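Asker: Turn this into a model:
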Amino acid sequence: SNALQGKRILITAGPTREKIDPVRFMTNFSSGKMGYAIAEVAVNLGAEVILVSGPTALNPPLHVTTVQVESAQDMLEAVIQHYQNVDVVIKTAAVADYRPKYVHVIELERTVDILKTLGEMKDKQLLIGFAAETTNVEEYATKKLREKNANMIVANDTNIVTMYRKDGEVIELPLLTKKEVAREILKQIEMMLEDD
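Answerer: Numbering: from 1, shown residues only. Next up is the structure itself:
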């Protein structure tokens, strides 16, 4: 109940929304259920939780400080605003984002990588990322773990989750609900905070 007492944890969740024209947009889909589930469990563990969310149909848990955004750019600005004052950042979006160049046949431009940015300006914070691949899961998750300067990468297929920690340890899980996975993740984070 007090496992993460006083720990500031920032979580990103949901999809990003990129405009094409005033009445059209594209969506890099991400459910948001996982992020919102982690946020709820984190609160119950006594953590100070900040949730940066894209457009979802979900309602944030009580006591969760939530910022609703749409674009990947706004999500970036929101995370940077809090990054100095947090202990843990959990990026719950395995999808790399793309964005149209104009706001009026559709030219796409590269968006700024959130996890890469946080890794470059990282001080003492812990970076947790996600990954969802159908091939070379271990190789990709490990590559992302080292490239983005992260502490743990959560790999996906109710969920079947394998976690890859920075120290080299690998933890596979059976079929669990999102809330169960959330607990296992926050358990791992709790330990990394003690290692420091």
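Asker: mind listing what the residue nearest to the spatial centre of the chain touches?
Answerer: Geometric centre of the chain, nearest residue: residue 91, 1.3 Å, by Cα atoms, centre = their mean. Counting by Cβ atoms under 8 Å, 6 or more residues apart in numbering, residue 91 touches 12, 114, 115, 118, 127, 128, 129, 130. Any C-beta I mention is one placed from the backbone N, CA and C, and that applies to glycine too.
Asker: for it, phi and psi?
Answerer: Taking degrees, to the nearest 10, you get phi -90, psi 100 for the backbone angles of residue 91.
Asker: i'd like the first residue to be 48 from this point on
Answerer: OK, 48 is where the count begins now, so the last one is residue 138.
Asker: How much space separates it from residue 241?
Answerer: Note on residue 138: its distance to residue 241, by Cβ to Cβ, to the nearest Å, is 22 Å.
Asker: mind listing the strands for this structure?
Answerer: For the chain, the strands defined by DSSP state E occupy 55-60, 63-68, 71-75, 95-100, 112-115, 135-138, 145-147, 155-157, 173-179, 199-203, 206-212, 217-223.
Asker: Give me the distance from the last one to the chain's centre.
Answerer: For strand 217-223, the distance from its own C-alpha centre to the chain's C-alpha centre is 18 Å (Cα atoms, centre = their mean, to the nearest Å).
Asker: partner strands of it, parallel or antiparallel?
Answerer: If you go by DSSP bridges, strand 217-223 pairs up with strand 206-212 (antiparallel).
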